[PDB]
file my_file_39.cif (mmCIF, N, CA, C and O atoms)
data_run
loop_
_atom_site.label_atom_id
_atom_site.label_comp_id
_atom_site.auth_asym_id
_atom_site.auth_seq_id
_atom_site.Cartn_x
_atom_site.Cartn_y
_atom_site.Cartn_z
N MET A 1 -22.17 66.24 -29.85
CA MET A 1 -21.93 66.49 -31.27
C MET A 1 -20.52 66.07 -31.67
O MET A 1 -19.88 66.71 -32.51
N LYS A 2 -20.03 65.00 -31.05
CA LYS A 2 -18.73 64.43 -31.36
C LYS A 2 -18.85 62.92 -31.48
O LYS A 2 -19.55 62.28 -30.68
N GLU A 3 -18.18 62.35 -32.48
CA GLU A 3 -18.17 60.90 -32.64
C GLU A 3 -17.35 60.26 -31.53
O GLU A 3 -16.33 60.80 -31.10
N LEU A 4 -17.80 59.10 -31.07
CA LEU A 4 -17.12 58.34 -30.03
C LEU A 4 -16.52 57.09 -30.65
O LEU A 4 -17.24 56.28 -31.25
N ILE A 5 -15.20 56.93 -30.51
CA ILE A 5 -14.51 55.81 -31.13
C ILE A 5 -14.81 54.53 -30.35
O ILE A 5 -14.83 54.51 -29.11
N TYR A 6 -15.06 53.45 -31.09
CA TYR A 6 -15.35 52.14 -30.51
C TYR A 6 -14.17 51.22 -30.74
O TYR A 6 -13.64 51.15 -31.85
N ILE A 7 -13.75 50.52 -29.68
CA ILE A 7 -12.62 49.61 -29.73
C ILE A 7 -13.14 48.19 -29.57
O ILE A 7 -13.92 47.90 -28.66
N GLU A 8 -12.71 47.30 -30.47
CA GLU A 8 -13.16 45.92 -30.43
C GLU A 8 -12.66 45.22 -29.17
O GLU A 8 -11.55 45.48 -28.68
N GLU A 9 -13.49 44.33 -28.65
CA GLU A 9 -13.17 43.64 -27.41
C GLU A 9 -12.03 42.65 -27.63
O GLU A 9 -12.02 41.94 -28.64
N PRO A 10 -11.05 42.58 -26.73
CA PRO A 10 -9.99 41.57 -26.85
C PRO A 10 -10.54 40.18 -26.57
O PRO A 10 -11.70 39.99 -26.21
N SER A 11 -9.66 39.19 -26.72
CA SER A 11 -10.04 37.79 -26.63
C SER A 11 -9.08 37.02 -25.73
O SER A 11 -7.92 37.42 -25.56
N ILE A 12 -9.57 35.93 -25.17
CA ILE A 12 -8.77 35.07 -24.30
C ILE A 12 -8.60 33.70 -24.97
O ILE A 12 -9.19 33.40 -26.00
N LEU A 13 -7.77 32.86 -24.35
CA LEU A 13 -7.35 31.58 -24.89
C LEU A 13 -7.79 30.45 -23.96
O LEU A 13 -8.02 30.66 -22.77
N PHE A 14 -7.92 29.26 -24.52
CA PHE A 14 -8.38 28.10 -23.76
C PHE A 14 -7.59 26.87 -24.21
O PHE A 14 -6.58 26.99 -24.91
N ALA A 15 -8.06 25.69 -23.81
CA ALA A 15 -7.35 24.45 -24.11
C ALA A 15 -7.23 24.24 -25.61
O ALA A 15 -7.99 24.79 -26.41
N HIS A 16 -6.23 23.44 -26.00
CA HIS A 16 -5.92 23.12 -27.39
C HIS A 16 -5.45 24.34 -28.17
O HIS A 16 -5.38 24.31 -29.40
N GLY A 17 -5.11 25.42 -27.47
CA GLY A 17 -4.62 26.62 -28.13
C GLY A 17 -5.63 27.28 -29.05
O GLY A 17 -5.28 27.65 -30.17
N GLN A 18 -6.87 27.44 -28.59
CA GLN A 18 -7.92 28.05 -29.39
C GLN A 18 -8.56 29.20 -28.62
O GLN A 18 -8.53 29.24 -27.38
N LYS A 19 -9.15 30.12 -29.37
CA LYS A 19 -9.54 31.43 -28.86
C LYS A 19 -11.03 31.47 -28.55
O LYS A 19 -11.83 30.77 -29.17
N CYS A 20 -11.39 32.30 -27.57
CA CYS A 20 -12.79 32.56 -27.24
C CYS A 20 -12.86 33.89 -26.49
O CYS A 20 -11.85 34.59 -26.33
N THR A 21 -14.06 34.24 -26.03
CA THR A 21 -14.29 35.52 -25.37
C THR A 21 -14.66 35.35 -23.90
O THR A 21 -14.02 35.93 -23.03
N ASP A 22 -15.70 34.57 -23.60
CA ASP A 22 -16.17 34.43 -22.23
C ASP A 22 -15.49 33.25 -21.55
O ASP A 22 -15.45 32.15 -22.12
N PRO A 23 -14.92 33.44 -20.35
CA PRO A 23 -14.31 32.30 -19.65
C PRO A 23 -15.29 31.19 -19.34
O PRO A 23 -14.92 30.01 -19.38
N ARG A 24 -16.55 31.53 -19.04
CA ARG A 24 -17.54 30.50 -18.73
C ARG A 24 -17.82 29.61 -19.94
O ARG A 24 -17.99 28.40 -19.80
N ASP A 25 -17.88 30.21 -21.13
CA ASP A 25 -18.10 29.42 -22.34
C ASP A 25 -16.95 28.44 -22.57
O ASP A 25 -17.17 27.27 -22.88
N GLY A 26 -15.71 28.91 -22.39
CA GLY A 26 -14.57 28.02 -22.54
C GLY A 26 -14.56 26.92 -21.50
O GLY A 26 -14.21 25.77 -21.81
N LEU A 27 -14.93 27.24 -20.26
CA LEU A 27 -14.99 26.22 -19.22
C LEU A 27 -16.04 25.16 -19.54
O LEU A 27 -15.76 23.96 -19.44
N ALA A 28 -17.24 25.59 -19.91
CA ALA A 28 -18.31 24.65 -20.24
C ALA A 28 -18.09 23.94 -21.57
O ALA A 28 -18.78 22.95 -21.84
N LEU A 29 -17.16 24.41 -22.40
CA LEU A 29 -16.91 23.83 -23.71
C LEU A 29 -15.57 23.10 -23.78
O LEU A 29 -15.50 21.98 -24.28
N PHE A 30 -14.50 23.73 -23.28
CA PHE A 30 -13.17 23.15 -23.36
C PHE A 30 -12.50 22.96 -22.00
O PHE A 30 -11.45 22.31 -21.94
N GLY A 31 -13.06 23.51 -20.93
CA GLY A 31 -12.49 23.35 -19.61
C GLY A 31 -11.22 24.14 -19.40
O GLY A 31 -10.98 25.17 -20.04
N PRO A 32 -10.37 23.67 -18.48
CA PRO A 32 -9.16 24.42 -18.13
C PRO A 32 -8.03 24.15 -19.11
O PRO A 32 -8.10 23.29 -19.98
N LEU A 33 -6.96 24.93 -18.95
CA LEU A 33 -5.77 24.76 -19.78
C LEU A 33 -4.89 23.63 -19.26
O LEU A 33 -4.67 22.63 -19.95
N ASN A 34 -4.37 23.79 -18.05
CA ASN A 34 -3.57 22.75 -17.42
C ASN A 34 -4.45 21.85 -16.56
O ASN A 34 -5.53 22.25 -16.11
N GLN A 35 -3.99 20.63 -16.34
CA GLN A 35 -4.76 19.62 -15.62
C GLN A 35 -3.97 19.14 -14.40
O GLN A 35 -2.76 18.92 -14.49
N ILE A 36 -4.66 19.02 -13.27
CA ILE A 36 -4.13 18.41 -12.07
C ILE A 36 -4.92 17.14 -11.81
O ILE A 36 -6.15 17.13 -11.94
N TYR A 37 -4.22 16.06 -11.45
CA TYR A 37 -4.85 14.75 -11.32
C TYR A 37 -5.92 14.72 -10.24
O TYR A 37 -6.81 13.86 -10.29
N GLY A 38 -5.86 15.63 -9.28
CA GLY A 38 -6.88 15.69 -8.24
C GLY A 38 -6.49 16.68 -7.17
O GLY A 38 -5.45 17.35 -7.25
N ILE A 39 -7.35 16.78 -6.16
CA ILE A 39 -7.10 17.63 -5.00
C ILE A 39 -7.48 16.87 -3.74
O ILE A 39 -8.48 16.14 -3.71
N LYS A 40 -6.66 17.02 -2.69
CA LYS A 40 -6.93 16.46 -1.38
C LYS A 40 -7.19 17.61 -0.41
O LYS A 40 -6.34 18.49 -0.25
N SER A 41 -8.34 17.60 0.24
CA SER A 41 -8.79 18.72 1.03
C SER A 41 -8.48 18.51 2.52
O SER A 41 -7.80 17.55 2.91
N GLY A 42 -8.98 19.41 3.35
CA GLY A 42 -8.85 19.35 4.79
C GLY A 42 -9.67 20.45 5.43
O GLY A 42 -9.58 21.61 5.01
N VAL A 43 -10.48 20.12 6.44
CA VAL A 43 -11.48 21.04 6.96
C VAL A 43 -11.27 21.20 8.46
O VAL A 43 -10.76 20.30 9.14
N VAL A 44 -11.66 22.36 8.97
CA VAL A 44 -11.61 22.66 10.40
C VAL A 44 -12.93 23.31 10.79
O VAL A 44 -13.60 23.96 9.98
N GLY A 45 -13.31 23.12 12.05
CA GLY A 45 -14.54 23.70 12.55
C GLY A 45 -15.37 22.76 13.40
O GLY A 45 -14.82 21.92 14.12
N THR A 46 -16.69 22.91 13.34
CA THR A 46 -17.61 22.05 14.07
C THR A 46 -18.14 20.94 13.17
O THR A 46 -18.09 21.03 11.94
N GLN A 47 -18.66 19.89 13.81
CA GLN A 47 -19.18 18.75 13.05
C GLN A 47 -20.37 19.14 12.19
O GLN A 47 -20.59 18.54 11.13
N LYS A 48 -21.14 20.14 12.61
CA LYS A 48 -22.18 20.69 11.74
C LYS A 48 -21.57 21.24 10.46
O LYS A 48 -22.11 21.05 9.37
N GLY A 49 -20.44 21.94 10.59
CA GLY A 49 -19.72 22.38 9.40
C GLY A 49 -19.30 21.21 8.53
O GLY A 49 -19.37 21.30 7.30
N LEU A 50 -18.87 20.11 9.14
CA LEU A 50 -18.46 18.94 8.37
C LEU A 50 -19.62 18.37 7.57
O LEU A 50 -19.49 18.12 6.36
N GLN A 51 -20.77 18.15 8.22
CA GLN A 51 -21.90 17.57 7.50
C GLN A 51 -22.41 18.52 6.43
O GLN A 51 -22.75 18.09 5.32
N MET B 1 22.76 -29.12 24.14
CA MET B 1 22.12 -29.94 25.16
C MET B 1 20.93 -29.23 25.77
O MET B 1 20.31 -29.72 26.72
N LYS B 2 20.60 -28.06 25.23
CA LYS B 2 19.51 -27.24 25.72
C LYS B 2 18.46 -27.05 24.64
O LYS B 2 18.76 -27.08 23.44
N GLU B 3 17.21 -26.87 25.07
CA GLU B 3 16.11 -26.68 24.14
C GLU B 3 16.23 -25.34 23.42
O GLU B 3 16.58 -24.32 24.02
N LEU B 4 15.94 -25.35 22.12
CA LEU B 4 15.94 -24.15 21.29
C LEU B 4 14.49 -23.85 20.91
O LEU B 4 13.96 -24.44 19.97
N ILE B 5 13.87 -22.93 21.64
CA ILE B 5 12.48 -22.55 21.37
C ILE B 5 12.43 -21.73 20.09
O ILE B 5 13.27 -20.86 19.85
N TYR B 6 11.43 -22.01 19.26
CA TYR B 6 11.25 -21.32 17.99
C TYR B 6 9.98 -20.48 18.04
O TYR B 6 8.98 -20.89 18.64
N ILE B 7 10.02 -19.31 17.42
CA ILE B 7 8.89 -18.40 17.33
C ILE B 7 8.60 -18.15 15.86
O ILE B 7 9.52 -17.91 15.07
N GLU B 8 7.32 -18.24 15.48
CA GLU B 8 6.96 -18.11 14.08
C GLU B 8 7.06 -16.66 13.62
O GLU B 8 6.96 -15.73 14.42
N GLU B 9 7.25 -16.49 12.32
CA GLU B 9 7.37 -15.15 11.75
C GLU B 9 5.99 -14.51 11.63
O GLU B 9 5.09 -15.10 11.01
N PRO B 10 5.78 -13.32 12.20
CA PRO B 10 4.47 -12.67 12.08
C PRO B 10 4.18 -12.18 10.67
O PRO B 10 4.98 -12.38 9.76
N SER B 11 3.03 -11.52 10.49
CA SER B 11 2.58 -11.09 9.17
C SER B 11 2.18 -9.62 9.22
O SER B 11 2.07 -9.01 10.28
N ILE B 12 1.96 -9.06 8.03
CA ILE B 12 1.59 -7.66 7.89
C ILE B 12 0.26 -7.57 7.15
O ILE B 12 -0.33 -8.59 6.77
N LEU B 13 -0.22 -6.35 6.94
CA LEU B 13 -1.49 -6.10 6.27
C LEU B 13 -1.26 -5.47 4.91
O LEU B 13 -0.18 -4.96 4.60
N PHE B 14 -2.31 -5.50 4.09
CA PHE B 14 -2.27 -4.95 2.74
C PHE B 14 -3.66 -4.45 2.39
O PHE B 14 -4.52 -4.29 3.27
N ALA B 15 -3.90 -4.20 1.11
CA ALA B 15 -5.19 -3.69 0.66
C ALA B 15 -6.29 -4.72 0.87
O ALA B 15 -6.04 -5.93 0.89
N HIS B 16 -7.51 -4.23 1.06
CA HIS B 16 -8.72 -5.03 1.22
C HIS B 16 -8.71 -5.88 2.48
O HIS B 16 -9.47 -6.85 2.59
N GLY B 17 -7.86 -5.55 3.45
CA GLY B 17 -7.85 -6.22 4.73
C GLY B 17 -7.47 -7.69 4.70
O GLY B 17 -8.12 -8.52 5.33
N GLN B 18 -6.40 -8.02 3.98
CA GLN B 18 -5.85 -9.36 3.95
C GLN B 18 -4.47 -9.35 4.62
O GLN B 18 -4.01 -8.33 5.14
N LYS B 19 -3.82 -10.51 4.61
CA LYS B 19 -2.53 -10.67 5.27
C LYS B 19 -1.56 -11.41 4.36
O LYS B 19 -1.95 -12.21 3.51
N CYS B 20 -0.27 -11.13 4.56
CA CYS B 20 0.82 -11.77 3.83
C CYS B 20 2.10 -11.46 4.59
O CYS B 20 2.09 -10.78 5.62
N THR B 21 3.22 -11.96 4.07
CA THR B 21 4.52 -11.79 4.71
C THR B 21 5.46 -10.91 3.90
O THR B 21 5.97 -9.91 4.41
N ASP B 22 5.70 -11.25 2.64
CA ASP B 22 6.63 -10.49 1.82
C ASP B 22 5.97 -9.20 1.35
O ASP B 22 4.93 -9.26 0.69
N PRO B 23 6.53 -8.03 1.67
CA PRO B 23 5.94 -6.78 1.16
C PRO B 23 5.93 -6.69 -0.35
O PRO B 23 5.00 -6.10 -0.92
N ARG B 24 6.93 -7.26 -1.02
CA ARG B 24 7.02 -7.16 -2.47
C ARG B 24 5.82 -7.81 -3.15
O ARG B 24 5.14 -7.18 -3.97
N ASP B 25 5.53 -9.06 -2.80
CA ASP B 25 4.39 -9.75 -3.40
C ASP B 25 3.07 -9.12 -2.98
O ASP B 25 2.15 -9.01 -3.79
N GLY B 26 2.97 -8.70 -1.71
CA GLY B 26 1.75 -8.05 -1.26
C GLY B 26 1.44 -6.78 -2.05
O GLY B 26 0.29 -6.51 -2.39
N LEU B 27 2.48 -5.99 -2.34
CA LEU B 27 2.29 -4.82 -3.18
C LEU B 27 1.95 -5.22 -4.62
O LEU B 27 1.05 -4.64 -5.23
N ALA B 28 2.67 -6.21 -5.16
CA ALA B 28 2.48 -6.59 -6.55
C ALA B 28 1.14 -7.26 -6.81
O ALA B 28 0.73 -7.36 -7.97
N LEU B 29 0.44 -7.72 -5.77
CA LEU B 29 -0.83 -8.41 -5.94
C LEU B 29 -2.04 -7.61 -5.50
O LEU B 29 -3.09 -7.69 -6.14
N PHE B 30 -1.93 -6.83 -4.43
CA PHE B 30 -3.10 -6.18 -3.84
C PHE B 30 -3.01 -4.66 -3.80
O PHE B 30 -4.05 -4.00 -3.91
N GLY B 31 -1.83 -4.08 -3.63
CA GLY B 31 -1.67 -2.65 -3.69
C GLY B 31 -1.62 -1.98 -2.33
O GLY B 31 -1.78 -2.62 -1.28
N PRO B 32 -1.41 -0.66 -2.32
CA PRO B 32 -1.28 0.07 -1.06
C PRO B 32 -2.61 0.26 -0.33
O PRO B 32 -3.65 -0.22 -0.79
N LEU B 33 -2.57 0.98 0.79
CA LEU B 33 -3.76 1.20 1.61
C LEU B 33 -4.47 2.49 1.22
O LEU B 33 -5.64 2.46 0.82
N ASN B 34 -3.79 3.62 1.34
CA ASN B 34 -4.35 4.92 0.98
C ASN B 34 -3.86 5.32 -0.40
O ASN B 34 -2.68 5.13 -0.73
N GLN B 35 -4.76 5.88 -1.20
CA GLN B 35 -4.48 6.15 -2.60
C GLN B 35 -3.94 7.57 -2.78
O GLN B 35 -4.47 8.52 -2.20
N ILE B 36 -2.88 7.69 -3.58
CA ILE B 36 -2.40 8.98 -4.05
C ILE B 36 -2.52 8.99 -5.57
O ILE B 36 -2.31 7.97 -6.24
N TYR B 37 -2.90 10.14 -6.11
CA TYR B 37 -3.16 10.30 -7.53
C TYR B 37 -2.04 10.97 -8.30
O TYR B 37 -1.90 10.71 -9.50
N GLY B 38 -1.24 11.82 -7.66
CA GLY B 38 -0.23 12.57 -8.38
C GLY B 38 1.10 12.70 -7.67
O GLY B 38 1.15 12.90 -6.46
N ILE B 39 2.18 12.60 -8.44
CA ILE B 39 3.53 12.73 -7.91
C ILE B 39 4.23 13.88 -8.63
O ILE B 39 5.43 13.82 -8.92
N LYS B 40 3.45 14.91 -8.98
CA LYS B 40 4.00 16.12 -9.59
C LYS B 40 5.24 16.58 -8.84
O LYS B 40 5.18 16.90 -7.65
N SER B 41 6.37 16.61 -9.55
CA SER B 41 7.66 16.79 -8.90
C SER B 41 8.52 17.85 -9.57
O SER B 41 8.06 18.56 -10.47
N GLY B 42 9.77 17.95 -9.14
CA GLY B 42 10.70 18.89 -9.73
C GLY B 42 12.12 18.49 -9.41
O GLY B 42 12.40 17.95 -8.33
N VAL B 43 13.02 18.74 -10.35
CA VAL B 43 14.41 18.33 -10.24
C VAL B 43 15.32 19.53 -10.49
O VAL B 43 14.92 20.54 -11.07
N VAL B 44 16.56 19.40 -10.02
CA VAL B 44 17.60 20.41 -10.23
C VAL B 44 18.87 19.70 -10.68
O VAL B 44 19.22 18.63 -10.16
N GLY B 45 19.54 20.27 -11.67
CA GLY B 45 20.75 19.67 -12.20
C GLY B 45 21.08 20.24 -13.56
O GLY B 45 20.49 21.22 -14.01
N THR B 46 22.05 19.60 -14.21
CA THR B 46 22.52 20.01 -15.52
C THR B 46 21.71 19.32 -16.62
O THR B 46 20.74 18.60 -16.35
N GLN B 47 22.11 19.55 -17.87
CA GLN B 47 21.41 18.94 -19.00
C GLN B 47 21.54 17.42 -18.98
O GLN B 47 20.56 16.71 -19.19
N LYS B 48 22.75 16.92 -18.72
CA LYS B 48 22.97 15.48 -18.69
C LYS B 48 22.14 14.82 -17.59
O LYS B 48 21.55 13.75 -17.80
N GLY B 49 22.08 15.45 -16.42
CA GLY B 49 21.29 14.90 -15.33
C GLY B 49 19.81 14.81 -15.67
O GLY B 49 19.17 13.79 -15.41
N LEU B 50 19.26 15.87 -16.27
CA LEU B 50 17.86 15.84 -16.67
C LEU B 50 17.60 14.79 -17.74
O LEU B 50 16.58 14.09 -17.70
N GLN B 51 18.51 14.67 -18.71
CA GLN B 51 18.32 13.67 -19.76
C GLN B 51 18.34 12.26 -19.18
O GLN B 51 17.49 11.43 -19.53
#
call {"tool": "encode", "arguments": {"input": "my_file_39.cif", "output": "structure tokens"}}
result
Amino acid sequence: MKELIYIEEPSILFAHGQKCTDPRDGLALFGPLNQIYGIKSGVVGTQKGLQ
Amino acid sequence: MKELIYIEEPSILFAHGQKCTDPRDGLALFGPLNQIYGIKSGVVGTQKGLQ
């Protein structure tokens, strides 16, 4: 018998300085904020792991 | 009064498995062997040095 206060959900930011809510939506729509030209990897283990 | 034996100048390798002598022209025409995509760097100094 008491009212429960509701607080609006905050928001996050994405590329081009624009706002959204879900990180997945921003990734599938605008991608990341900063860009790296690429990544060079390196693996350890068994050859089955390699394949 | 003695013989002067001569030995020819050897060669080096470049991109696409060719050969040449001068590294400058070989780089300017065919390029390196392994590719790098980014030279993300950092410097230290004063305002004049950065400018």
call {"tool": "interface_residues", "arguments": {"input": "my_file_39.cif", "of": "chain A", "to": "chain B", "cutoff": "8 Å", "atoms": "all atoms listed in the file", "output": "ChimeraX atom specification"}}
result
/A:36-39
call {"tool": "atom_distance", "arguments": {"input": "my_file_39.cif", "atom1": "atom O of residue 24 of chain A", "atom2": "atom O of residue 6 of chain A"}}
result
26.1 Å
call {"tool": "atom_distance", "arguments": {"input": "my_file_39.cif", "atom1": "atom O of residue 10 of chain B", "atom2": "atom CA of residue 28 of chain B"}}
result
17.5 Å
call {"tool": "select_by_dssp", "arguments": {"input": "my_file_39.cif", "residues": "chain B", "states": "strand (DSSP E or B)", "output": "number ranges by chain"}}
result
B: 12-13, 19-20
call {"tool": "write_last_selection", "arguments": {"input": "my_file_39.cif", "atoms": "N, CA, C and O atoms", "output": "compact mmCIF listing (two decimals), in the frame of the given file"}}
result
# COMPACT_ATOMS: atom_id res chain seq x y z
N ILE B 12 1.96 -9.06 8.03
CA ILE B 12 1.59 -7.66 7.89
C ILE B 12 0.26 -7.57 7.15
O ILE B 12 -0.33 -8.59 6.77
N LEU B 13 -0.22 -6.35 6.94
CA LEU B 13 -1.49 -6.10 6.27
C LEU B 13 -1.26 -5.47 4.91
O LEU B 13 -0.18 -4.96 4.60
N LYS B 19 -3.82 -10.51 4.61
CA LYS B 19 -2.53 -10.67 5.27
C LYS B 19 -1.56 -11.41 4.36
O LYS B 19 -1.95 -12.21 3.51
N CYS B 20 -0.27 -11.13 4.56
CA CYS B 20 0.82 -11.77 3.83
C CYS B 20 2.10 -11.46 4.59
O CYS B 20 2.09 -10.78 5.62
call {"tool": "atom_distance", "arguments": {"input": "my_file_39.cif", "atom1": "atom CA of residue 33 of chain A", "atom2": "atom CA of residue 45 of chain B"}}
result
28.0 Å
call {"tool": "resolve_selection", "arguments": {"input": "my_file_39.cif", "expression": "the PyMOL selection byres ((chain B and resi 14) around 7)", "output": "MDAnalysis selection string"}}
result
chainID B and resid 12:13 15:20 26 30:33
call {"tool": "select_by_dssp", "arguments": {"input": "my_file_39.cif", "residues": "chain A", "states": "helix (DSSP H, G or I)", "output": "VMD selection string"}}
result
chain A and resid 15 to 17 23 to 29 47 to 50
